[PDB]
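**Q** Taken in order, these protein sequences are the chains called Z, Y, V, W, U and C.
Just so it is clear: in the first sequence, position 12 is 351 by the authors' numbering, and no numbers are missing.
For the second sequence, the residue numbers in the authors' numbering are 2 to 27, 27A, 28 to 95, 95A to 95D, 96 to 108.
Just so it is clear: in the third sequence, position 15 is 450 by the authors' numbering, and no numbers are missing.
Just so it is clear: in the fourth sequence, position 24 is 411 by the authors' numbering, and no numbers are missing.
For the fifth sequence, the residue numbers in the authors' numbering are 165 to 172, 186 to 194.
For the sixth sequence, the residue numbers in the authors' numbering are 2 to 52, 52A, 53 to 82, 82A to 82B, 83 to 99, 101 to 113.
Below is one structure. I have some questions about it.
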Amino acid sequence: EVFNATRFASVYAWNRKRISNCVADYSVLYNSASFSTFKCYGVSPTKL
Amino acid sequence: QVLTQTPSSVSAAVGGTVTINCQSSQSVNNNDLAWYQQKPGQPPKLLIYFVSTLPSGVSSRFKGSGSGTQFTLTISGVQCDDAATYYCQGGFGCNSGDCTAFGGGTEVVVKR
Amino acid sequence: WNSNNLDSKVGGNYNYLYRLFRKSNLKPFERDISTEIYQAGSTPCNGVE
Amino acid sequence: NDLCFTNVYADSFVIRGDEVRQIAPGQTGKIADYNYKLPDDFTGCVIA
Amino acid sequence: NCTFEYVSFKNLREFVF
Amino acid sequence: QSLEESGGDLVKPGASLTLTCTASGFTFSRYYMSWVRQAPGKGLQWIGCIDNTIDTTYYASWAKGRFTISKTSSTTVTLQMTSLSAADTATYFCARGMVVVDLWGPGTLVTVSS
């Protein structure tokens, strides 16, 4: 839902949304060519 | 722990070879001597470290000899831009004779 | 023991290397010198880069 | 009152009022550097 | 601010918390 | 890869002063660092150094207890001074390395006068 937002906020007025009580699938998002940058720090993509 | 720079002042020519002696009161720790050239008003730049190993990106004119208590620096030539004080940075087996020490200055003048 | 006097050099001593990514763990006393490119995630990189 | 020590050393001397601050461990000054110096690891109490 | 959410004398309603 | 110092100003003797050198392009958690002073008419001498695991213990013998070194965050290391004297006037360079150094900052002079 966050990625599908029609309008994004400015960098100085950066938006933040808390996410909890949900099952997150990251492998699908990570293995996408539509994302120019996808860098993970402190966690492995396979272990996400 | 104080390292003596003998002689304190050294004079040499452009094509004349340069030598200097830095004596350490105690034995250094596993060949940890360094040397830096301190141009006036600016922090010193590395020229030779671990007695003889040459850093990357410096001229091939500085060669070092000696180990243990006595060490020396030998420079093949001067391009008139090496007029700076040399400090022999003496690493020590630390907690004995301080933890490391710096010697006196040794600037080189060129007569023209 | 400390071996700064020889191994280390200014500007980057790149002689010795290590395997940052491996497909599996290591059996004791086993030497791997394959140095073959490794793919993660969807493993689509059948080429070089 | 709850501690046990091998020995206790008591040192007595006379200084003027403003020199009492030098008797704290690690302090400096004419008294601390030339008359009576205490270790930085001093374990005890200073009474005046 | 809200961090968590949830949407879900003949009668006696006993509870434990 | 650069270092820059800050905090040099005229301060009366006996007053505390804070110095700080900041690392640009790299963090003070991999590269060794040292703190050094050079009087205008005297040789160079080192005071403190700390990096990686707790390494603040190594201090100059003459420095004694009035010299301490601590890194407030990853990229900035602060220097705290106490019991300032007229013999403490020198130029403060943020060295990079214990026994071998690569490059230092321009150096901020800290003069002491009343």
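A virtual CB, placed ideally from N, CA and C, is assigned to each residue, including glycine.
(1) Could you name the residues of chain Y that residue 77 of chain C contacts, counting a contact when the two beta carbons are closer than 8 Å?
(2) What distance in whole Å lies between the Cβ atoms of residue 91 of chain C and residue 37 of chain C, which are believed to be in contact at a cut-off of 8 Å?
(3) Going by beta carbon distance, what residues of the same chain come within less than 7 Å of residue 171 of chain U, once the five residues before and after it are set aside?
(4) Any Cβ of chain U within less than 8 Å of the Cβ of residue 357 of chain Z?
(5) Could you tell me whether any Cβ in chain V is nearer than 8 Å to the Cβ of residue 366 of chain Z?
(6) Tell me residue 63 of chain Y's beta-bridge partners as DSSP assigns them.
(7) Considering just the uninterrupted stretch of the alpha helix (DSSP H) at residue 418 of chain W, what are its terminal residues?
(8) Do residue 28 of chain C and residue 74 of chain C have their beta-carbon atoms positioned less than 8 Å apart in this structure?
(9) Could you spell out where the alpha helix (DSSP H) holding residue 368 of chain Z opens and where it closes?
(10) Against residue 65 of chain C, what residues of chain W qualify as contacts under a CB-to-CB distance less than 7 Å, listed in chain order?
(11) Strictly under 8 Å for the Cβ-Cβ distance: is residue 385 of chain Z near chain V by that measure?
(12) So residue 20 of chain Y and residue 96 of chain C are supposed to be a Cβ contact under 8 Å. How far apart are they, rounded?
(13) What does residue 56 of chain Y reach in chain V if we use C-beta pairs closer than 9 Å?
(14) Distance check for residue 394 of chain W and residue 66 of chain C, CA to CA, integer angstroms please.
(15) By a C-beta neighbour count over all protein chains shown, 10 Å radius and 16 as the cutoff for buried, is residue 363 of chain Z buried or exposed?
(16) So residue 91 of chain Y is in the beta strand (DSSP E); what residue range does that whole segment cover?
(17) In its own chain, which residues sit with a C-beta less than 6 Å from the C-beta of residue 64 of chain Y, not counting the 5 before and 5 after it?
(18) Determine the direct distance from the alpha carbon of residue 355 of chain Z to that of residue 349 of chain Z, and round the result to whole angstroms.
(19) From residue 11 of chain Y to residue 420 of chain W, what distance separates their C-alpha atoms?
(20) Flag this pair as yes or no: are the beta carbons of residue 68 of chain Y and residue 6 of chain Y separated by less than 8 Å?
(21) Check whether the Cβ of residue 22 of chain Y lies closer than 8 Å to any Cβ atom in chain V.
(22) Check residue 191 of chain U in the structure and name its three-state DSSP category.
(23) Using beta carbons (cut-off 8 Å, strictly below), is residue 25 of chain C in contact with chain W?
(24) Can the beta-carbon of residue 20 of chain C be found closer than 8 Å to that of residue 107 of chain C?
(25) Could you tell me which chain V residues have their CB closer than 7 Å to the CB of residue 31 of chain Y, listed as they occur along the chain?
(26) Closer than 7 Å by C-beta to residue 3 of chain C: which residues in its own chain qualify, once you throw out the five before and the five after it? Chain order, please.
(27) Can you name the residues of chain Y whose CB is closer than 8 Å to the CB of residue 437 of chain V?
(28) Provide the residue span of the beta strand (DSSP E) that contains residue 24 of chain C, from first to last.
(29) Kindly give me the distance between the Cβ atoms of residue 91 of chain Y and residue 33 of chain Y, rounded to whole angstroms, as I take these residues to be in contact under 8 Å.
**A** So, to answer that:
(1) Going along chain Y, no residue has its Cβ under 8 Å from residue 77 of chain C, so there is no contact; the nearest lies around 16 Å.
(2) 5 Å
(3) none
(4) yes
(5) yes
(6) Y:74
(7) 417-421
(8) yes
(9) 366-369
(10) 413, 427
(11) yes
(12) Not quite, the Cβ-Cβ distance comes to about 27 Å (not below 8 Å), so this is no contact.
(13) 444, 445, 446, 447
(14) 30 Å
(15) exposed
(16) 85-91
(17) 48, 51, 52, 73
(18) 12 Å
(19) 39 Å
(20) no
(21) no
(22) coil
(23) no
(24) yes
(25) 440
(26) 25, 26
(27) 30
(28) 18-25
(29) 7 Å
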